[PDB]
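Quick look at data_11.pdb (PDB, C-alpha atoms and all ligand atoms):
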ATOM      1  CA  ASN A 637     125.070 372.217  39.253  1.00  0.00           C
ATOM      2  CA  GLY A 638     124.547 368.475  39.632  1.00  0.00           C
ATOM      3  CA  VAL A 639     122.371 365.822  41.176  1.00  0.00           C
ATOM      4  CA  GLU A 640     123.152 363.571  44.141  1.00  0.00           C
ATOM      5  CA  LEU A 641     121.827 360.015  43.637  1.00  0.00           C
ATOM      6  CA  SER A 642     121.612 356.881  45.801  1.00  0.00           C
ATOM      7  CA  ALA A 643     123.502 354.447  43.635  1.00  0.00           C
ATOM      8  CA  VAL A 644     125.686 351.467  43.728  1.00  0.00           C
ATOM      9  CA  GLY A 645     128.267 350.592  41.080  1.00  0.00           C
ATOM     10  CA  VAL A 646     131.973 350.576  40.331  1.00  0.00           C
ATOM     11  CA  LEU A 647     134.194 353.619  39.871  1.00  0.00           C
ATOM     12  CA  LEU A 648     136.487 353.968  36.833  1.00  0.00           C
ATOM     13  CA  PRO A 649     139.149 356.611  36.113  1.00  0.00           C
ATOM     14  CA  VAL A 650     139.104 358.755  32.955  1.00  0.00           C
ATOM     15  CA  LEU A 651     141.598 361.153  31.415  1.00  0.00           C
ATOM     16  CA  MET A 652     140.771 364.453  29.633  1.00  0.00           C
ATOM     17  CA  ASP A 653     142.807 366.555  27.263  1.00  0.00           C
ATOM     18  CA  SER A 654     142.415 370.381  27.412  1.00  0.00           C
ATOM     19  CA  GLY A 655     145.079 370.857  24.751  1.00  0.00           C
ATOM     20  CA  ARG A 656     147.498 372.155  27.441  1.00  0.00           C
ATOM     21  CA  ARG A 657     147.231 369.639  30.256  1.00  0.00           C
ATOM     22  CA  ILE A 658     145.994 366.125  30.824  1.00  0.00           C
ATOM     23  CA  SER A 659     143.649 365.987  33.734  1.00  0.00           C
ATOM     24  CA  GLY A 660     141.880 363.118  35.440  1.00  0.00           C
ATOM     25  CA  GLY A 661     138.309 362.385  36.540  1.00  0.00           C
ATOM     26  CA  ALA A 662     135.925 359.491  37.204  1.00  0.00           C
ATOM     27  CA  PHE A 663     132.819 357.844  35.893  1.00  0.00           C
ATOM     28  CA  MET A 664     130.884 355.154  37.660  1.00  0.00           C
ATOM     29  CA  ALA A 665     129.335 352.161  35.919  1.00  0.00           C
ATOM     30  CA  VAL A 666     126.083 352.387  37.938  1.00  0.00           C
ATOM     31  CA  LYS A 667     123.613 349.549  38.298  1.00  0.00           C
ATOM     32  CA  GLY A 668     120.255 350.306  36.681  1.00  0.00           C
ATOM     33  CA  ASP A 669     118.889 352.540  34.000  1.00  0.00           C
ATOM     34  CA  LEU A 670     119.856 356.131  34.963  1.00  0.00           C
ATOM     35  CA  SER A 671     119.749 357.472  31.337  1.00  0.00           C
ATOM     36  CA  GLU A 672     117.550 360.366  32.472  1.00  0.00           C
ATOM     37  CA  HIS A 673     120.679 361.803  34.192  1.00  0.00           C
ATOM     38  CA  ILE A 674     122.758 361.826  30.978  1.00  0.00           C
ATOM     39  CA  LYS A 675     123.202 365.523  30.079  1.00  0.00           C
ATOM     40  CA  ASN A 676     125.705 365.282  27.184  1.00  0.00           C
ATOM     41  CA  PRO A 677     123.724 364.781  23.921  1.00  0.00           C
ATOM     42  CA  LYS A 678     126.761 362.923  22.431  1.00  0.00           C
ATOM     43  CA  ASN A 679     126.509 360.163  25.132  1.00  0.00           C
ATOM     44  CA  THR A 680     123.183 359.020  23.772  1.00  0.00           C
ATOM     45  CA  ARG A 681     124.169 355.578  22.377  1.00  0.00           C
ATOM     46  CA  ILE A 682     123.004 352.392  24.098  1.00  0.00           C
ATOM     47  CA  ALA A 683     124.703 348.942  23.821  1.00  0.00           C
ATOM     48  CA  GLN A 684     122.486 345.844  24.148  1.00  0.00           C
ATOM     49  CA  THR A 685     124.662 342.862  25.044  1.00  0.00           C
ATOM     50  CA  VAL A 686     124.618 339.257  24.023  1.00  0.00           C
ATOM     51  CA  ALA A 687     123.683 338.253  27.627  1.00  0.00           C
ATOM     52  CA  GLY A 688     120.444 340.351  27.597  1.00  0.00           C
ATOM     53  CA  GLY A 689     122.001 343.446  29.333  1.00  0.00           C
ATOM     54  CA  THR A 690     121.697 347.174  28.376  1.00  0.00           C
ATOM     55  CA  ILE A 691     124.474 349.738  28.856  1.00  0.00           C
ATOM     56  CA  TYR A 692     123.588 353.463  28.727  1.00  0.00           C
ATOM     57  CA  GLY A 693     125.743 356.582  28.707  1.00  0.00           C
ATOM     58  CA  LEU A 694     127.953 355.538  25.702  1.00  0.00           C
ATOM     59  CA  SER A 695     128.899 357.667  22.708  1.00  0.00           C
ATOM     60  CA  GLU A 696     129.947 356.960  19.050  1.00  0.00           C
ATOM     61  CA  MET A 697     133.576 356.951  20.246  1.00  0.00           C
ATOM     62  CA  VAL A 698     133.062 353.731  22.125  1.00  0.00           C
ATOM     63  CA  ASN A 699     133.543 350.425  20.292  1.00  0.00           C
ATOM     64  CA  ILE A 700     129.913 349.293  20.433  1.00  0.00           C
ATOM     65  CA  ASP A 701     130.641 345.834  18.925  1.00  0.00           C
ATOM     66  CA  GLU A 702     132.986 345.079  21.854  1.00  0.00           C
ATOM     67  CA  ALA A 703     130.430 346.554  24.336  1.00  0.00           C
ATOM     68  CA  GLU A 704     127.728 344.161  22.852  1.00  0.00           C
ATOM     69  CA  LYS A 705     129.925 341.111  23.637  1.00  0.00           C
ATOM     70  CA  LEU A 706     130.093 341.895  27.382  1.00  0.00           C
ATOM     71  CA  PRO A 707     128.622 339.319  29.877  1.00  0.00           C
ATOM     72  CA  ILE A 708     126.403 341.997  31.462  1.00  0.00           C
ATOM     73  CA  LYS A 709     122.806 340.776  32.096  1.00  0.00           C
ATOM     74  CA  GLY A 710     121.246 343.809  33.803  1.00  0.00           C
ATOM     75  CA  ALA A 711     121.145 347.589  33.086  1.00  0.00           C
ATOM     76  CA  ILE A 712     124.359 349.616  33.620  1.00  0.00           C
ATOM     77  CA  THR A 713     124.548 353.394  33.113  1.00  0.00           C
ATOM     78  CA  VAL A 714     128.033 354.940  32.905  1.00  0.00           C
ATOM     79  CA  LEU A 715     127.851 358.442  34.404  1.00  0.00           C
ATOM     80  CA  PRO A 716     130.431 360.994  35.251  1.00  0.00           C
ATOM     81  CA  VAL A 717     130.811 361.591  39.037  1.00  0.00           C
ATOM     82  CA  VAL A 718     132.518 364.340  40.954  1.00  0.00           C
ATOM     83  CA  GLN A 719     131.880 362.683  44.344  1.00  0.00           C
ATOM     84  CA  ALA A 720     131.247 359.151  45.499  1.00  0.00           C
ATOM     85  CA  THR A 721     130.459 357.372  48.742  1.00  0.00           C
ATOM     86  CA  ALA A 722     129.609 353.690  49.477  1.00  0.00           C
ATOM     87  CA  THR A 723     125.973 354.440  48.509  1.00  0.00           C
ATOM     88  CA  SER A 724     125.720 357.706  46.616  1.00  0.00           C
ATOM     89  CA  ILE A 725     127.226 359.741  43.867  1.00  0.00           C
ATOM     90  CA  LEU A 726     127.155 363.276  42.722  1.00  0.00           C
ATOM     91  CA  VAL A 727     126.678 363.547  38.933  1.00  0.00           C
ATOM     92  CA  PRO A 728     127.607 366.968  37.484  1.00  0.00           C
ATOM     93  CA  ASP A 729     125.299 368.663  34.979  1.00  0.00           C
ATOM     94  CA  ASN A 730     128.390 369.463  32.894  1.00  0.00           C
ATOM     95  CA  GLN A 731     129.263 366.125  31.402  1.00  0.00           C
ATOM     96  CA  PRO A 732     132.083 365.156  29.021  1.00  0.00           C
ATOM     97  CA  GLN A 733     131.656 362.770  26.068  1.00  0.00           C
ATOM     98  CA  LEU A 734     132.645 359.266  27.032  1.00  0.00           C
ATOM     99  CA  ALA A 735     135.137 357.574  24.679  1.00  0.00           C
ATOM    100  CA  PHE A 736     136.856 354.177  24.283  1.00  0.00           C
ATOM    101  CA  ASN A 737     136.346 350.955  26.171  1.00  0.00           C
ATOM    102  CA  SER A 738     138.321 351.123  29.412  1.00  0.00           C
ATOM    103  CA  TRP A 739     134.948 351.435  31.408  1.00  0.00           C
ATOM    104  CA  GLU A 740     134.129 347.770  30.569  1.00  0.00           C
ATOM    105  CA  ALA A 741     135.900 346.060  33.485  1.00  0.00           C
ATOM    106  CA  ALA A 742     134.011 348.380  35.934  1.00  0.00           C
ATOM    107  CA  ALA A 743     130.646 347.770  34.142  1.00  0.00           C
ATOM    108  CA  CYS A 744     131.198 343.962  34.305  1.00  0.00           C
ATOM    109  CA  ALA A 745     132.184 344.186  37.969  1.00  0.00           C
ATOM    110  CA  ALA A 746     129.172 346.491  38.731  1.00  0.00           C
ATOM    111  CA  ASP A 747     126.810 344.014  36.953  1.00  0.00           C
ATOM    112  CA  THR A 748     127.700 341.079  39.270  1.00  0.00           C
ATOM    113  CA  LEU A 749     128.170 343.223  42.384  1.00  0.00           C
ATOM    114  CA  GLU A 750     125.891 341.724  44.999  1.00  0.00           C
ATOM    115  CA  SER A 751     126.946 343.762  48.026  1.00  0.00           C
ATOM    116  CA  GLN A 752     124.673 346.820  47.849  1.00  0.00           C
ATOM    117  CA  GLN A 753     127.736 349.012  48.465  1.00  0.00           C
ATOM    118  CA  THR A 754     130.154 350.460  45.891  1.00  0.00           C
ATOM    119  CA  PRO A 755     133.662 349.052  46.601  1.00  0.00           C
ATOM    120  CA  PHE A 756     136.380 351.470  47.683  1.00  0.00           C
ATOM    121  CA  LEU A 757     138.411 350.687  44.623  1.00  0.00           C
ATOM    122  CA  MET A 758     138.525 352.041  41.093  1.00  0.00           C
ATOM    123  CA  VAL A 759     138.730 349.698  38.157  1.00  0.00           C
ATOM    124  CA  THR A 760     140.097 350.204  34.600  1.00  0.00           C
ATOM    125  CA  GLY A 761     140.369 348.041  31.493  1.00  0.00           C
ATOM    126  CA  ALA A 762     138.679 346.732  28.369  1.00  0.00           C
ATOM    127  CA  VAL A 763     137.173 343.218  28.414  1.00  0.00           C
ATOM    128  CA  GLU A 764     137.545 340.531  25.738  1.00  0.00           C
ATOM    129  CA  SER A 765     136.341 336.902  26.208  1.00  0.00           C
ATOM    130  CA  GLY A 766     136.240 337.026  30.049  1.00  0.00           C
ATOM    131  CA  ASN A 767     139.666 338.591  30.389  1.00  0.00           C
ATOM    132  CA  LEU A 768     140.901 342.107  30.897  1.00  0.00           C
ATOM    133  CA  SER A 769     142.944 343.258  27.921  1.00  0.00           C
ATOM    134  CA  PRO A 770     146.521 344.221  28.599  1.00  0.00           C
ATOM    135  CA  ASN A 771     146.512 347.650  30.113  1.00  0.00           C
ATOM    136  CA  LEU A 772     147.883 350.846  28.502  1.00  0.00           C
ATOM    137  CA  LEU A 773     147.197 353.791  30.823  1.00  0.00           C
ATOM    138  CA  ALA A 774     147.077 352.494  34.415  1.00  0.00           C
ATOM    139  CA  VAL A 775     150.164 354.445  35.416  1.00  0.00           C
ATOM    140  CA  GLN A 776     148.695 357.787  34.146  1.00  0.00           C
ATOM    141  CA  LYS A 777     145.321 356.929  35.853  1.00  0.00           C
ATOM    142  CA  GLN A 778     147.227 356.261  39.052  1.00  0.00           C
ATOM    143  CA  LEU A 779     148.997 359.621  38.753  1.00  0.00           C
ATOM    144  CA  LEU A 780     146.093 361.788  37.746  1.00  0.00           C
ATOM    145  CA  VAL A 781     143.131 360.159  39.403  1.00  0.00           C
ATOM    146  CA  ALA A 782     143.497 357.393  41.953  1.00  0.00           C
ATOM    147  CA  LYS A 783     146.568 358.463  43.931  1.00  0.00           C
ATOM    148  CA  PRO A 784     145.450 362.066  44.362  1.00  0.00           C
ATOM    149  CA  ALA A 785     141.892 360.889  45.321  1.00  0.00           C
ATOM    150  CA  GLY A 786     143.408 358.463  47.857  1.00  0.00           C
ATOM    151  CA  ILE A 787     141.815 355.282  46.498  1.00  0.00           C
ATOM    152  CA  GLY A 788     143.224 351.991  45.078  1.00  0.00           C
ATOM    153  CA  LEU A 789     143.048 351.066  41.399  1.00  0.00           C
ATOM    154  CA  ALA A 790     142.603 347.555  39.937  1.00  0.00           C
ATOM    155  CA  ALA A 791     143.853 346.936  36.381  1.00  0.00           C
ATOM    156  CA  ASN A 792     145.686 344.354  34.315  1.00  0.00           C
ATOM    157  CA  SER A 793     148.972 345.936  35.290  1.00  0.00           C
ATOM    158  CA  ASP A 794     151.533 345.319  37.939  1.00  0.00           C
ATOM    159  CA  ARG A 795     151.491 349.032  38.871  1.00  0.00           C
ATOM    160  CA  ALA A 796     147.879 348.600  40.048  1.00  0.00           C
ATOM    161  CA  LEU A 797     146.108 345.976  42.098  1.00  0.00           C
ATOM    162  CA  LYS A 798     146.646 343.355  39.372  1.00  0.00           C
ATOM    163  CA  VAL A 799     143.709 341.402  37.920  1.00  0.00           C
ATOM    164  CA  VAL A 800     143.687 339.422  34.717  1.00  0.00           C
ATOM    165  CA  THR A 801     140.353 337.551  34.559  1.00  0.00           C
ATOM    166  CA  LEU A 802     136.759 338.741  35.162  1.00  0.00           C
ATOM    167  CA  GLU A 803     136.662 336.016  37.862  1.00  0.00           C
ATOM    168  CA  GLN A 804     139.643 337.660  39.681  1.00  0.00           C
ATOM    169  CA  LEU A 805     138.134 341.121  39.336  1.00  0.00           C
ATOM    170  CA  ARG A 806     134.849 339.850  40.929  1.00  0.00           C
ATOM    171  CA  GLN A 807     136.760 338.505  43.957  1.00  0.00           C
ATOM    172  CA  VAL A 808     138.685 341.768  44.412  1.00  0.00           C
ATOM    173  CA  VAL A 809     135.648 344.110  44.309  1.00  0.00           C
ATOM    174  CA  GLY A 810     133.758 341.962  46.837  1.00  0.00           C
ATOM    175  CA  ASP A 811     135.631 343.147  49.940  1.00  0.00           C
ATOM    176  CA  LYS A 812     136.797 346.811  49.720  1.00  0.00           C
ATOM    177  CA  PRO A 813     135.640 348.796  52.773  1.00  0.00           C
ATOM    178  CA  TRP A 814     135.724 352.617  52.610  1.00  0.00           C
ATOM    179  CA  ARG A 815     138.895 353.921  54.313  1.00  0.00           C
ATOM    180  CA  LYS A 816     137.383 357.427  54.249  1.00  0.00           C
ATOM    181  CA  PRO A 817     133.815 358.672  53.886  1.00  0.00           C
ATOM    182  CA  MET A 818     133.953 360.095  50.347  1.00  0.00           C
ATOM    183  CA  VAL A 819     136.208 360.556  47.326  1.00  0.00           C
ATOM    184  CA  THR A 820     136.006 363.561  45.122  1.00  0.00           C
ATOM    185  CA  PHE A 821     137.163 364.112  41.492  1.00  0.00           C
ATOM    186  CA  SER A 822     137.668 367.043  39.083  1.00  0.00           C
ATOM    187  CA  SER A 823     135.225 367.504  36.247  1.00  0.00           C
ATOM    188  CA  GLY A 824     135.858 368.496  32.644  1.00  0.00           C
ATOM    189  CA  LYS A 825     133.961 369.340  29.541  1.00  0.00           C
ATOM    190  CA  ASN A 826     136.668 367.795  27.310  1.00  0.00           C
ATOM    191  CA  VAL A 827     136.284 364.236  25.920  1.00  0.00           C
ATOM    192  CA  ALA A 828     136.674 361.616  28.736  1.00  0.00           C
ATOM    193  CA  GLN A 829     138.953 358.767  27.695  1.00  0.00           C
ATOM    194  CA  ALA A 830     138.043 355.610  29.619  1.00  0.00           C
TER
HETATM  195 CL    CL B   1     152.061 338.499  37.378  1.00  0.00          CL
END
Could the structure of this file be written out as structure tokens, please?
Ligand SMILES: [Cl-]
Amino acid sequence: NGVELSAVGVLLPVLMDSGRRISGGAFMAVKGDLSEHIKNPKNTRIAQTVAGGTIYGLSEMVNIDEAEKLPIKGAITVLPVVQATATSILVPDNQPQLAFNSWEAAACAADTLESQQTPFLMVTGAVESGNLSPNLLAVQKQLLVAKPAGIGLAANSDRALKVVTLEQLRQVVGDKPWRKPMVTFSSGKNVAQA
């Protein structure tokens, strides 16, 4: 069970531990307030940012202080997705708890996305003072999410499409046409580490 929504935003890879195997999935930092589609009662924390923005879909396992320093001016909801196209997503009813801060580069890029289409590119990394932090898990996100889904990944890492500043990330998400109609991802019920 899930809901298909018209939506524009920026995809981000997540990893999930089921004690035996690490698997991969995706969330999207979606533009707008979509908090009515949050179905995990742990992901019920909201971050209001210094720039006037509001981010929904967060849990206690996210560093909220770092989320509140993001240069996001509008509403962003981070939702799990099992399918995405240029203009829609499919949000599963079974939703994992979102943890950590690697969704921030996508949420910043989704906030200043002016194109009206989601870029065909996934983005990972935490944001601190207009820069992407150094990356830890791009290689594992490549292996478990982006490469099997057939889509590029941007990260502060030379094993991704490399971006260091929020300004560079904005340029890179601006022109990413869809090389196929849809990407799909596995879902999990286990904590999603973004
Ligand atoms: Cl370099």
Let me make sure I understand: among A:825, A:777, A:795, A:675, which one has the smallest atom-to-atom distance to ligand CL 1 (chain B) if we use only C-alpha atoms and all ligand atoms?
A:795
Give as a ChimeraX atom specification the set of residues within 12 Å of the point (148.9, 353.1, 29.8), where distances use the file's coordinates and only C-alpha atoms.
/A:650-651,738,760-761,769-779,791-796,829-830
Residue nearest residue A:731 among A:786, A:716, A:755, A:689 (counting all atoms listed in the file)
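Of the candidates, the smallest distance to residue A:731 is held by A:716.
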I'd like the neighbourhood of residue A:668 as a list in words, where a residue qualifies if any of its atoms comes within 8 Å (using all atoms listed in the file), though same-chain residues fewer than 3 positions away should be ignored.
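Answer for this query is residues 710, 711, 712 and 713 of chain A.
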Computed interatomic separation between atom CA of residue A:811 and atom CA of residue A:667 (Å):
17.9 Å
Quick one: of A:784, A:806, A:740, A:799, who's nearest to ligand CL 1 (chain B), counting all atoms listed in the file?
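Smallest separation from ligand CL 1 (chain B) among the options: A:799.
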Mind giving me the straight-line distance from atom CA of residue A:663 to atom CA of residue A:680 in Å, one decimal?
15.5 Å
What's the separation between atom CA of residue A:699 and atom CA of residue A:762, in Å to one decimal place?
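Atom CA of residue A:762 lies 10.3 Å from atom CA of residue A:699.
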Taking all atoms of stretch 704-722 of chain A that the file lists and extending 3 Å past them on each side, where is the centre of the axis-aligned box and how long are its edges? Answer in Å to one decimal, as JSON.
{"center_x": 126.8, "center_y": 351.8, "center_z": 36.2, "size_x": 17.4, "size_y": 31.0, "size_z": 32.6}
For residue A:768, which residue among A:658, A:703, A:782, A:805 is the nearest when counting all atoms listed in the file?
A:805
Check which residues satisfy the PyMOL selection byres (((chain A and resi 691) around 12) and not hetatm) in the file shown, then give them as number ranges by chain.
A: 665-671, 679-690, 692-695, 698, 700, 702-715, 739-740, 742-744, 746-747
Mind dumping the selected residues with C-alpha atoms as a PDB file, in the coordinates of the input?
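Okay, selection10.pdb is ready:
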ATOM      1  CA  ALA A 665     129.335 352.161  35.919  1.00  0.00           C
ATOM      2  CA  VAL A 666     126.083 352.387  37.938  1.00  0.00           C
ATOM      3  CA  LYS A 667     123.613 349.549  38.298  1.00  0.00           C
ATOM      4  CA  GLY A 668     120.255 350.306  36.681  1.00  0.00           C
ATOM      5  CA  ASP A 669     118.889 352.540  34.000  1.00  0.00           C
ATOM      6  CA  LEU A 670     119.856 356.131  34.963  1.00  0.00           C
ATOM      7  CA  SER A 671     119.749 357.472  31.337  1.00  0.00           C
ATOM      8  CA  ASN A 679     126.509 360.163  25.132  1.00  0.00           C
ATOM      9  CA  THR A 680     123.183 359.020  23.772  1.00  0.00           C
ATOM     10  CA  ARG A 681     124.169 355.578  22.377  1.00  0.00           C
ATOM     11  CA  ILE A 682     123.004 352.392  24.098  1.00  0.00           C
ATOM     12  CA  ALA A 683     124.703 348.942  23.821  1.00  0.00           C
ATOM     13  CA  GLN A 684     122.486 345.844  24.148  1.00  0.00           C
ATOM     14  CA  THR A 685     124.662 342.862  25.044  1.00  0.00           C
ATOM     15  CA  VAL A 686     124.618 339.257  24.023  1.00  0.00           C
ATOM     16  CA  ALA A 687     123.683 338.253  27.627  1.00  0.00           C
ATOM     17  CA  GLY A 688     120.444 340.351  27.597  1.00  0.00           C
ATOM     18  CA  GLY A 689     122.001 343.446  29.333  1.00  0.00           C
ATOM     19  CA  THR A 690     121.697 347.174  28.376  1.00  0.00           C
ATOM     20  CA  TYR A 692     123.588 353.463  28.727  1.00  0.00           C
ATOM     21  CA  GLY A 693     125.743 356.582  28.707  1.00  0.00           C
ATOM     22  CA  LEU A 694     127.953 355.538  25.702  1.00  0.00           C
ATOM     23  CA  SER A 695     128.899 357.667  22.708  1.00  0.00           C
ATOM     24  CA  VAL A 698     133.062 353.731  22.125  1.00  0.00           C
ATOM     25  CA  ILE A 700     129.913 349.293  20.433  1.00  0.00           C
ATOM     26  CA  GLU A 702     132.986 345.079  21.854  1.00  0.00           C
ATOM     27  CA  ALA A 703     130.430 346.554  24.336  1.00  0.00           C
ATOM     28  CA  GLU A 704     127.728 344.161  22.852  1.00  0.00           C
ATOM     29  CA  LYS A 705     129.925 341.111  23.637  1.00  0.00           C
ATOM     30  CA  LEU A 706     130.093 341.895  27.382  1.00  0.00           C
ATOM     31  CA  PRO A 707     128.622 339.319  29.877  1.00  0.00           C
ATOM     32  CA  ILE A 708     126.403 341.997  31.462  1.00  0.00           C
ATOM     33  CA  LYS A 709     122.806 340.776  32.096  1.00  0.00           C
ATOM     34  CA  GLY A 710     121.246 343.809  33.803  1.00  0.00           C
ATOM     35  CA  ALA A 711     121.145 347.589  33.086  1.00  0.00           C
ATOM     36  CA  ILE A 712     124.359 349.616  33.620  1.00  0.00           C
ATOM     37  CA  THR A 713     124.548 353.394  33.113  1.00  0.00           C
ATOM     38  CA  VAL A 714     128.033 354.940  32.905  1.00  0.00           C
ATOM     39  CA  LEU A 715     127.851 358.442  34.404  1.00  0.00           C
ATOM     40  CA  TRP A 739     134.948 351.435  31.408  1.00  0.00           C
ATOM     41  CA  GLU A 740     134.129 347.770  30.569  1.00  0.00           C
ATOM     42  CA  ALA A 742     134.011 348.380  35.934  1.00  0.00           C
ATOM     43  CA  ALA A 743     130.646 347.770  34.142  1.00  0.00           C
ATOM     44  CA  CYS A 744     131.198 343.962  34.305  1.00  0.00           C
ATOM     45  CA  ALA A 746     129.172 346.491  38.731  1.00  0.00           C
ATOM     46  CA  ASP A 747     126.810 344.014  36.953  1.00  0.00           C
TER      47      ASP A 747
END
Take stretch 759-778 of chain A, bring it up to N, CA and C atoms, and give me the output as a PDB file, in the frame of the given file.
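Dumped to part.pdb:
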ATOM      1  N   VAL A 759     138.344 350.793  39.037  1.00  0.00           N
ATOM      2  CA  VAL A 759     138.730 349.698  38.157  1.00  0.00           C
ATOM      3  C   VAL A 759     138.917 350.193  36.716  1.00  0.00           C
ATOM      4  N   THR A 760     139.960 349.784  36.013  1.00  0.00           N
ATOM      5  CA  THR A 760     140.097 350.204  34.600  1.00  0.00           C
ATOM      6  C   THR A 760     140.442 348.989  33.738  1.00  0.00           C
ATOM      7  N   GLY A 761     139.918 348.972  32.510  1.00  0.00           N
ATOM      8  CA  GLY A 761     140.369 348.041  31.493  1.00  0.00           C
ATOM      9  C   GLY A 761     139.237 347.639  30.558  1.00  0.00           C
ATOM     10  N   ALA A 762     139.600 347.200  29.360  1.00  0.00           N
ATOM     11  CA  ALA A 762     138.679 346.732  28.369  1.00  0.00           C
ATOM     12  C   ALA A 762     138.519 345.233  28.622  1.00  0.00           C
ATOM     13  N   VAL A 763     137.435 344.644  28.148  1.00  0.00           N
ATOM     14  CA  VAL A 763     137.173 343.218  28.414  1.00  0.00           C
ATOM     15  C   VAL A 763     137.004 342.521  27.105  1.00  0.00           C
ATOM     16  N   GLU A 764     137.653 341.373  26.966  1.00  0.00           N
ATOM     17  CA  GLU A 764     137.545 340.531  25.738  1.00  0.00           C
ATOM     18  C   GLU A 764     137.549 339.070  26.166  1.00  0.00           C
ATOM     19  N   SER A 765     136.485 338.330  25.820  1.00  0.00           N
ATOM     20  CA  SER A 765     136.341 336.902  26.208  1.00  0.00           C
ATOM     21  C   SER A 765     136.697 336.589  27.683  1.00  0.00           C
ATOM     22  N   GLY A 766     136.054 337.283  28.622  1.00  0.00           N
ATOM     23  CA  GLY A 766     136.240 337.026  30.049  1.00  0.00           C
ATOM     24  C   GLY A 766     137.587 337.393  30.650  1.00  0.00           C
ATOM     25  N   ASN A 767     138.395 338.114  29.884  1.00  0.00           N
ATOM     26  CA  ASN A 767     139.666 338.591  30.389  1.00  0.00           C
ATOM     27  C   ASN A 767     139.753 340.099  30.223  1.00  0.00           C
ATOM     28  N   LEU A 768     140.529 340.731  31.092  1.00  0.00           N
ATOM     29  CA  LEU A 768     140.901 342.107  30.897  1.00  0.00           C
ATOM     30  C   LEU A 768     141.982 342.125  29.846  1.00  0.00           C
ATOM     31  N   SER A 769     141.862 343.022  28.871  1.00  0.00           N
ATOM     32  CA  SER A 769     142.944 343.258  27.921  1.00  0.00           C
ATOM     33  C   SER A 769     144.236 343.671  28.602  1.00  0.00           C
ATOM     34  N   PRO A 770     145.385 343.558  27.907  1.00  0.00           N
ATOM     35  CA  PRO A 770     146.521 344.221  28.599  1.00  0.00           C
ATOM     36  C   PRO A 770     146.297 345.743  28.770  1.00  0.00           C
ATOM     37  N   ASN A 771     146.833 346.296  29.815  1.00  0.00           N
ATOM     38  CA  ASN A 771     146.512 347.650  30.113  1.00  0.00           C
ATOM     39  C   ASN A 771     147.473 348.635  29.432  1.00  0.00           C
ATOM     40  N   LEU A 772     146.995 349.822  29.067  1.00  0.00           N
ATOM     41  CA  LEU A 772     147.883 350.846  28.502  1.00  0.00           C
ATOM     42  C   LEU A 772     148.166 352.003  29.492  1.00  0.00           C
ATOM     43  N   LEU A 773     147.122 352.485  30.183  1.00  0.00           N
ATOM     44  CA  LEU A 773     147.197 353.791  30.823  1.00  0.00           C
ATOM     45  C   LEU A 773     147.037 353.731  32.311  1.00  0.00           C
ATOM     46  N   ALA A 774     147.258 352.571  32.934  1.00  0.00           N
ATOM     47  CA  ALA A 774     147.077 352.494  34.415  1.00  0.00           C
ATOM     48  C   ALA A 774     147.995 353.472  35.178  1.00  0.00           C
ATOM     49  N   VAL A 775     149.239 353.590  34.729  1.00  0.00           N
ATOM     50  CA  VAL A 775     150.164 354.445  35.416  1.00  0.00           C
ATOM     51  C   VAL A 775     149.693 355.925  35.418  1.00  0.00           C
ATOM     52  N   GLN A 776     149.291 356.453  34.266  1.00  0.00           N
ATOM     53  CA  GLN A 776     148.695 357.787  34.146  1.00  0.00           C
ATOM     54  C   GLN A 776     147.387 357.952  34.957  1.00  0.00           C
ATOM     55  N   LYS A 777     146.572 356.885  35.047  1.00  0.00           N
ATOM     56  CA  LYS A 777     145.321 356.929  35.853  1.00  0.00           C
ATOM     57  C   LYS A 777     145.644 356.908  37.339  1.00  0.00           C
ATOM     58  N   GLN A 778     146.711 356.201  37.696  1.00  0.00           N
ATOM     59  CA  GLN A 778     147.227 356.261  39.052  1.00  0.00           C
ATOM     60  C   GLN A 778     147.633 357.696  39.371  1.00  0.00           C
TER      61      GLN A 778
END
